[PDB]
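Since the structure comes first, as structure tokens, the remarks are kept for the end.
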Amino acid sequence: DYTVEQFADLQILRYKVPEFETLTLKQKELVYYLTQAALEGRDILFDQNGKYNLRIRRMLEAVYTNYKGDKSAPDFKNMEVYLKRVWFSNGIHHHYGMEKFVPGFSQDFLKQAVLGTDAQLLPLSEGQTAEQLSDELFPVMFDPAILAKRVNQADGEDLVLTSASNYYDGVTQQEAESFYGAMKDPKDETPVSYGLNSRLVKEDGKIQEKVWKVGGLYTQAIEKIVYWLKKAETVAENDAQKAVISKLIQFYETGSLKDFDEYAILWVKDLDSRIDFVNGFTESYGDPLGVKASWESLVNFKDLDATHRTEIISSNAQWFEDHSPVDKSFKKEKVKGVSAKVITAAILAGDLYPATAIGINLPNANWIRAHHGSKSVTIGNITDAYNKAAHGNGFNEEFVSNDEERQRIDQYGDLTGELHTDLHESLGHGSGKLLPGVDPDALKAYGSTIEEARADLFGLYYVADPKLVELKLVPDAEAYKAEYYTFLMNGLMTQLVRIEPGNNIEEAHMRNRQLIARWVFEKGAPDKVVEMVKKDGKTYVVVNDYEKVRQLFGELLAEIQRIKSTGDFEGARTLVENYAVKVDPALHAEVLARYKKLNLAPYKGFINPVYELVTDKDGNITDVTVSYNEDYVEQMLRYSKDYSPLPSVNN
Ligand SMILES: [Zn+2]
């Protein structure tokens, strides 16, 4: 059963760990130790998303598990949904829309609930009462004007002070850009990531950094991570993988950002190990300035059979770059060579739990990828969990135009959808090269939208190529039409189920899909390439010429590749704001009404399996078992009890 529970706008799913039982005992132990190092870092993300998140959580968790009143009352059920969303979003803000949750319960209820809870169980400071803890946390929860956005990206506002994230403390956005612009090296051909694993604070009167390391900030959790990484080091598969674990331990112990670059080099060079993992401060989407990286972790092992399709996409990387529809001046003379593979996720943690991604391209250091290479991974068991949970839910029966399209989607939608993700992560982000002297940050806050659009267009253009039929990546030349329809139907229409009524598209991913869909829709109107007809009051997206759709994909890819490589900022502003922002209220209200009858949640998340060490009668380890019988509430409460080593307050 891939469906666990559904609440609010969130749906909890499960995923299997296929072929885990076939691993050796030394591999199962290495997986176990890496998964343990992953789970210990859950508290690190909560504190990064807000200085009150660890206190608001442990307060609600103490009230939830010790509530004495009627547990079937609307006040308790609405508090239960609130706590579940804080668990899902690793904070009090929406994981996708960045807006703060609105409590569906009164303050008088929570006040009497806190006072009715044992004061010893609440996250009280030294010599603090439950009243003082309520007076400080209630305005954070109930006042809509306090910490309204976890990540702000509005013009004319101090993005550091208007963001509820806890990456800066007592520092203005002007003082942060000047702080790193100064330590910005000039003639440095291998620039370190500056301020990646630290909190920029103003202790006393100086502007300094509190590095996240052993003996420093977040040391209570990092000591646990290093402990399990040392255990994983003793059962490493080979010396290349062992050096990766050892160098990562040094990065945690010293906080040296130079060791992180050395770790990223060794991690890229470890291509032959079956078991791989990510554990550290990786992606910087949580920072409004984009400099600090949130903590995430992923433990996986190579999917041997599924990797052979992604190794054909990699061995033909020069073919896809040469036959690209972009201008010849933007094509790379020789591809950098990306090591692409399909992985089976063993566990999720940090910013990858419970809401995770299906494809990751690392490292982020631009110079490390050029001189040493990158690793592109596709998570097969998560994509499989998405499909089998959505199989037969009747979402396509409601929004697809005709039954003849549904039959093609049911046959090739999973394959071409999974194959499009392979092209996106392994070749979409890596392909193309900027013109000499063009600022890589010339698109400003439009780079994230244009980059994902450029990668989606690369996957869409080539998933239809007749070479993938020659390379036996698709069973026939009609398979791409399933992915083309679902992408257009989602961008033009069905993705609005994730939008609040009266709002526009704000998130970067949802923007590039609508940008690609509406651009092809407008430019294909004279030939009726894509239509949006209505039948009995229901609007359907109709595709009439799938070949012309591909040509329009190439034209938009050539124009987007030109905008990125030449740094045309105002050109990207025209594209993103004219196609990827406006939402039709009449269509949006129609889609929501049709969607509500399906009883589906637009956002998905996964709960991790449960790994157990099997010991003999004398203490030695004989097996490592994996279970899938735990539920959402049980797992979050267990992680809060056994994998929560950080204090409630970290300033
Ligand atoms: Zn991507």
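Each answer follows from the model by the rule given with it, or from the source it names; none is laboratory data. For neighbour counting, all protein chains shown are included, and Cβ atoms are generated from backbone atoms with ideal geometry for every residue, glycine included.
Check the range 445-465 and report whether any residue there is closer than 30 Å to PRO288 by Cβ, outside any helix (DSSP H, G or I) and within 15 Å of the ligand (Cβ to nearest atom). No. Helices (runs of 4 or more DSSP H) fully within the range 541-651 that include at least 2 residues being under 30 Å from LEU488 (Cβ atoms): 546-566, 569-579, 585-596.
Which residue is surrounded by the fewest Cβ atoms within 10 Å (Cβ to Cβ), if the candidates are limited to the range 146-164 and must be polar (S, T, N, Q) and within 15 Å of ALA445 (Cα to Cα)? Lay out the reasoning, then the answer.
Just the residues of the range 146-164 that are polar (S, T, N, Q), to begin with: 152-153, 162-163.
In the following step, the residues that additionally are within 15 Å of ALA445 (Cα to Cα) were identified as 152-153.
On the way: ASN152: 18, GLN153: 15.
It comes out as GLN153.
The set of residues in the range 397-436 being part of a helix (DSSP H, G or I), of a type in the set (S, T, N, Q) and within 15 Å of the ligand (Cβ to nearest atom) consists of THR421, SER426.
Scan the range 641-651 residue by residue and report those that are within 23 Å of the chain's Cα centre (by Cα) and either among the aromatic types (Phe, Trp, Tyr) or surrounded by fewer than 17 Cβ atoms within 10 Å (Cβ to Cβ) (or both).
First, pick out the residues of the range 641-651 that are within 23 Å of the chain's Cα centre (by Cα): 643-644.
Selection gives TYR643 alone.
Pick out the one residue from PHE521, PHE553 that is away from the ligand (no atom under 16 Å from the Cβ), among the aromatic types (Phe, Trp, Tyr) and in contact with a strand residue (DSSP E or B) (Cβ under 8 Å, 6 or more places away or on another chain).
On the way: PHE553 fails: in contact with a strand residue (DSSP E or B) (Cβ under 8 Å, 6 or more places away or on another chain).
Of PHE521, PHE553, the one residue that is away from the ligand (no atom under 16 Å from the Cβ), among the aromatic types (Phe, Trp, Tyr) and in contact with a strand residue (DSSP E or B) (Cβ under 8 Å, 6 or more places away or on another chain) is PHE521.
Considering the conditions (1) more than 16 Å from the ligand (Cβ to nearest atom); (2) outside any strand (DSSP E or B); (3) within 21 Å of the chain's Cα centre (by Cα), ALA349 is excluded by exactly one of them, (2). Close Cβ contacts (under 9 Å, 6 or more residues apart or on different chains) running from residues in the range 200-216 that are surrounded by fewer than 18 Cβ atoms within 10 Å (Cβ to Cβ) to residues that are assigned to a loop (DSSP other than H, G, I, E, B) and among the acidic types (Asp, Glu) comprise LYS210/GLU203. Within the range 511-536, if we keep just the residues that are of a type in the set (A, V, I, L, M, F, W, C) and surrounded by fewer than 20 Cβ atoms within 10 Å (Cβ to Cβ), the residue that is nearest to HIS94 (Cα to Cα) turns out to be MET532. Of all the residues in the range 628-641, those that are charged (D, E, K, R) and over 15 Å from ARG57 (Cβ atoms) number 3.
Residues checked against (1) within 26 Å of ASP47 (Cα to Cα); (2) without any contact (Cβ under 8 Å) to a residue 40 or more places away in the chain; (3) among the charged types (D, E, K, R):
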site: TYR180; (1), (2), (3): yes, no, no
site: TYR194; (1), (2), (3): yes, no, no
site: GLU233; (1), (2), (3): no, yes, yes
site: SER246; (1), (2), (3): no, yes, no
site: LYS258; (1), (2), (3): yes, no, yes
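Evaluate the following for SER246: is it crowded, with 19+ Cβ neighbours inside 10 Å, of a type in the set (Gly, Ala, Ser) and outside any strand (DSSP E or B)?
Numbers: crowded, with 19+ Cβ neighbours inside 10 Å: no; of a type in the set (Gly, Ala, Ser): yes; outside any strand (DSSP E or B): yes.
Considered against the rule, which asks whether it is crowded, with 19+ Cβ neighbours inside 10 Å, of a type in the set (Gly, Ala, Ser) and outside any strand (DSSP E or B), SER246 comes out as no.
The C-beta contact set for the range 50-76 (first residue in a helix (DSSP H, G or I), second residue crowded, with 18+ Cβ neighbours inside 10 Å and among the charged types (D, E, K, R), distance under 6 angstrom, 6+ apart or interchain) comprises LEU54/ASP47.
A quick yes/no check of all residues on (1) farther than 30 Å from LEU419 by Cα; (2) in a helix (DSSP H, G or I); (3) charged (D, E, K, R); (4) more than 21 Å from the chain's Cα centre (by Cα):
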{"site": "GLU262", "(1), (2), (3), (4)": "yes, yes, yes, yes"}
{"site": "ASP276", "(1), (2), (3), (4)": "no, no, yes, no"}
{"site": "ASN279", "(1), (2), (3), (4)": "no, no, no, no"}
{"site": "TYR285", "(1), (2), (3), (4)": "no, no, no, no"}
{"site": "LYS292", "(1), (2), (3), (4)": "yes, no, yes, no"}
{"site": "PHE301", "(1), (2), (3), (4)": "no, no, no, no"}
{"site": "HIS308", "(1), (2), (3), (4)": "no, yes, no, yes"}
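Somewhere in the range 615-628, is a residue loosely packed, with under 13 Cβ neighbours inside 10 Å, within 25 Å of the chain's Cα centre (by Cα), not β-branched (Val, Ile, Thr) and not assigned by TED's automatic domain parsing to the domain that holds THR494? Yes, the range 615-628 has at least one match.
Looking at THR574, is it in the same structural domain as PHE7 (by TED's automatic domain parsing), surrounded by fewer than 17 Cβ atoms within 10 Å (Cβ to Cβ) and polar (S, T, N, Q)?
Details: in the same structural domain as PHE7 (by TED's automatic domain parsing): no; surrounded by fewer than 17 Cβ atoms within 10 Å (Cβ to Cβ): yes; polar (S, T, N, Q): yes.
In short, no.
Look through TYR480, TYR462, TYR446 and report the one residue that is more than 25 Å from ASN396 (Cβ to Cβ), assigned by TED's automatic domain parsing to the domain that holds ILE360 and either in contact (Cβ under 8 Å) with a residue 60 or more places away in the chain or not β-branched (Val, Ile, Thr) (or both).
Working: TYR480 fails: more than 25 Å from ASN396 (Cβ to Cβ); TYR462 fails: more than 25 Å from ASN396 (Cβ to Cβ).
Answer to the check: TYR446.
Mind telling me which of the residues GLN241, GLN220 ends up being part of a helix (DSSP H, G or I) and crowded, with 17+ Cβ neighbours inside 10 Å?
On the way: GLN220 fails: crowded, with 17+ Cβ neighbours inside 10 Å.
Exactly one residue qualifies, and that residue is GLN241.
Hey, among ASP155, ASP118, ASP108, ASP75, which residue is in contact with a helix residue (DSSP H, G or I) (Cβ under 7 Å, 6 or more places away or on another chain) and of a type in the set (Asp, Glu)? The unique qualifying residue is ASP75.
Go through the range 369-380 and give me each residue that's buried (at least 22 other Cβ atoms within 10 Å of the Cβ) and either outside the structural domain of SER314 (by TED's automatic domain parsing) or away from the ligand (no atom under 16 Å from the Cβ) (or both). Walk me through it before giving the result.
Within the range 369-380, the subset buried (at least 22 other Cβ atoms within 10 Å of the Cβ) is 374-380.
Within the range 369-380, just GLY380 meets the criteria.
Check the range 39-46 and report whether any residue there is in a helix (DSSP H, G or I), acidic (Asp, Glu) and within 23 Å of the chain's Cα centre (by Cα). Give the steps one after another, and end with the answer.
Filtering the range 39-46 down to residues in a helix (DSSP H, G or I) leaves 39, 42-46.
Among the residues that remain, those that are also acidic (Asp, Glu) are: 43.
The next check asks that each one be within 23 Å of the chain's Cα centre (by Cα); those that pass are 43.
Within the range 39-46, one or more residues are in a helix (DSSP H, G or I), acidic (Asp, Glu) and within 23 Å of the chain's Cα centre (by Cα).
Here the range 352-364 is the region considered, the condition is being among the hydrophobic types (A, V, I, L, M, F, W, C) and in a strand (DSSP E or B), and the residue that is nearest to the ligand (Cβ to nearest atom) is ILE360.
Each row is one residue, and each column tells you yes or no for (1) assigned by TED's automatic domain parsing to the domain that holds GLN36; (2) among the acidic types (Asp, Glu); (3) farther than 18 Å from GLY350 by Cα.
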| residue | (1), (2), (3) |
| --- | --- |
| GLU175 | no, yes, yes |
| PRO186 | no, no, yes |
| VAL201 | no, no, yes |
| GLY215 | no, no, yes |
| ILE222 | no, no, no |
| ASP239 | no, yes, yes |
| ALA243 | no, no, yes |
| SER246 | no, no, yes |
| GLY255 | no, no, yes |
